[PDB]
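What follows are structure tokens for two forms of the same protein chain, given separately as structure 1 and structure 2.
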Structure 1
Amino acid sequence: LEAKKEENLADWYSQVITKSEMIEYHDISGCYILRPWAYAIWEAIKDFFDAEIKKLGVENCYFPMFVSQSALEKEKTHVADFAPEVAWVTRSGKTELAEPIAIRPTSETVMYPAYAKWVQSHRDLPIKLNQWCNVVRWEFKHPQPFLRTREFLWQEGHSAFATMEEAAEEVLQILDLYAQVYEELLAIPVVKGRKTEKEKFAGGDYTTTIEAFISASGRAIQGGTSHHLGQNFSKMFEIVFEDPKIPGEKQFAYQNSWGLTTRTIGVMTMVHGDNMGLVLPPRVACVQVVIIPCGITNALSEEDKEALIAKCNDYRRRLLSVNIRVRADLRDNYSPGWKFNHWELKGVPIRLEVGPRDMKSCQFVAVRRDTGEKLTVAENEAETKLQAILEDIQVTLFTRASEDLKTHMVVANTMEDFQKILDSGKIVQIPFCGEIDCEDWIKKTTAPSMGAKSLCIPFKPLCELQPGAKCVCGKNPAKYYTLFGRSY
């Protein structure tokens, strides 16, 4: 690793994600290879989220990757938003197809004709379905690995309810699960909010979101999203059922959709990584502990070296007995300093050093990757202390990022205050009228050199909006404190 994270964030990021062997570049731009080191993180997130939504009654399934032209168009706001980046398959071989078919940018228009077929009565609701699949949004803007890509992996959940209340309840349950993914799995603090009218999902009624802050770049990013679509899709696809209390009254299903993508890993990189490379939260780390033999003096007896390799394997089995994911790196090819650096780059939480003296002093050394602190631990305590230390790394990482967010998110009540705070690389909760025209005016007059976008309306703002407060536009009364910033 050669570029410094605070000097050039993009070069740093690219260096870190490739040299940790998370990402390989592919010869089609905006498409990247998820190598096992990153895919294992996606799999940990999947293990957690899948079990949680199972408890909520959601079931997994798989819908086709192709959308017909007429299905894609039924909900005009939604297709108006997505149409410019829909990839169209037009031949197979040199044989033109009968009709162009589109690759799913999002599966509402794939799934909801099916929903309409399956909802025949109030007993068929609710329908709670989820799929883990890939989608394509073929924008021409510059792509960025993990954060903004042309193909990405994700989950998308789609549910249909008889009543608005059960649907509004699910929206928030899911959004809290996303917050749990970011905060408990990835040790990333997030702000829960609602999108403004301009930023909400096209076709939906309201969008709830979690926002993360990346202090290196001073910019925020959406980490997850949970929409209430209301009846805007069920009216276009005729997902209908007869009202049970009133005969012949056809009702339209109330719908939500919600998605979470591999953006998660990029945020985890941008937030925790440092100038030695990746830093993996223990809860998602592929390897949690790497055992590395040191000493190896060359005047060591064959008896001594064989006994040290033995002791390393004793540690390995020890840690496996208590469910710690542990790799012993007993390769004679590379030097110990080499391996130290190699596993630091990948961000293994703990490096476990065993050397001939500590080996017979009944102890070993643990090195935390987050703080760099070396600890000497007696053999006896290993699995206990190591687990206590993995816990402490998780906490420590979360805490640091929280201190970042608390320091870098502040209130401002006028446009001048706002502009200067924003220009110090912070995000700002300002009083806002909610109007698209004023949001555009903000983005215009506030131009790391782009105008601020609205990021969300927090469920729990920093200040209480005082009666009669006017927006930053000055022309209209303010409706809510809203988090604004520069954005990925």
Structure 2
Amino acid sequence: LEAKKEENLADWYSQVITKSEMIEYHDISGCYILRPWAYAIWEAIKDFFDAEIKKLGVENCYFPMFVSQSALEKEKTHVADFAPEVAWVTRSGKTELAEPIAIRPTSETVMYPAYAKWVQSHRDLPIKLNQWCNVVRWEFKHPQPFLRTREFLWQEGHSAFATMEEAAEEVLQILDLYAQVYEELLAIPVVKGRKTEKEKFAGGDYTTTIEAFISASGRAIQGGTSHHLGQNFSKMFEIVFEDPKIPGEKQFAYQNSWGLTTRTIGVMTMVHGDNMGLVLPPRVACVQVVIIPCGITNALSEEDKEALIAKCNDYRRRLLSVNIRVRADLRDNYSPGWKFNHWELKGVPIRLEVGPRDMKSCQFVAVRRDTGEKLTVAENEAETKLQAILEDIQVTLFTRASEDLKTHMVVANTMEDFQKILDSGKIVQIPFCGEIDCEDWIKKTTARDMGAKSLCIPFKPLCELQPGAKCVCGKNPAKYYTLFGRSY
């Protein structure tokens, strides 16, 4: 392209997502057009995750994401306090409304009253509902598409249980699916962990998270979250039943909240992206193999052109027979060299070159998007050899990104190591008192020496925390090893 990734990331990223026809800037801000290239990736993720959560007993539904003031003033539902911002609709044209209506506000405001209605007995539990929708914020700084965006697409699940053991179960299950989406579909390694008291979700008891690392900016990013809410909302909303083990006082529902967004795509783009542009993991690529007729002359036959085209469609029908996603760019108007670059910049995993010389030898050429390696392949071994290169591409992408995580995620036991390491461009696991004010402190001091933020308290830390080890503050004993870094 026109920008190196290792010189100007921001320019590089902007040109990559535009030239690959993934997004188009819209006549809003922090709001963009999701073109089919990008949308396809989301749909791939959507297909996988949708299948998995259904094995868990979660069902999809639709909730009207608006509400009347007439319900808020009268306390049919409630708005929590930690939750800005509720944008209202006031004017059906230039004729102000009898009932003005609130946009968003929160999923909780809209859903939980209905959960309350649906829960009469213990028989009516669990309640596990997911929805795929869109959600808008109203504050920005300089919204990068995908990473920090005002508008996005996502799913969020809301579950209600009779016990805590059940609720706790789903939280880790769902978090793992998210870890799969990153590690399996996107070939992006993540760090599973719990969020600190500061960074956790205000409305819940605890928040689990997956954290992905971006070695370009040297920052980390939150992949997805699974919240245990406990009874904080079932009390606030009177979602309540009675259990014949105690017949009885009224017992409250245990709840869960989990969401994954389109930022996955931005992570994918930032991790795997090339100076030749996008590069897609075969698991999510709209097109994994592109068939391109190479060799056309302005002196070539007209029976050979019809034959060359027929061979391209022969490969295509065969690859379709093994569930490979394949396109044949059979166009007069563009040079093959153009098509090469066009699909290279859109990061199609395999380029399948079909030329008459090779076609004579009853063979073809497969080119890898990642390494750029060309392998001559027998026509007979098309289905097997190509499926093998796709799998090997997925593995290579993940392996490489996994080697960046282990290399840029190290341990610091003091504050002066911590600052030294963080400014090298890594994320760090440190001994931590676990205290909000100390977190606030670390952010402030690390900045002008921006600031390092708490990412998660990893389920599996690199090292064991020695008894008597102090937090980096020095004023307190360290409760747990905690992962810190400048984030998105």
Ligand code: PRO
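Each residue is numbered by where it sits in the sequence of structure 1, with counting from 1. Between two forms, the rigid core is the largest collection of C-alphas that superpose within 1.5 Å.
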Quiz item: Form solved without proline (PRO), is that 1 or 2?
Solution: 2
Quiz item: Picking from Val410, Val240, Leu97, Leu375, which residue has its CA shift by 2 Å or more between structures 1 and 2, once the rigid core of the two forms is superposed?
Solution: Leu97
Quiz prompt | Residue shift check between structures 1 and 2, rigid core fit, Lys117 Cα at least 2 Å | solution = no
Quiz prompt | Core superposition between structures 1 and 2, C-alpha change of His227 at least 2 Å | solution = no
Quiz item: Any chance the CA of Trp132 moves 2 angstroms or more between structures 1 and 2, core superposed?
Solution: no
Quiz item: What is the C-alpha shift for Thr163 between structures 1 and 2, rigid core superposed, to one decimal in Å?
Solution: 0.7
Quiz item: Core superposed, what is the CA shift for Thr77 between structures 1 and 2, in angstrom?
Solution: 15.2
Quiz item: With both forms fitted on the core, how large is the C-alpha shift of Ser321 between structures 1 and 2 in Å?
Solution: 1.1
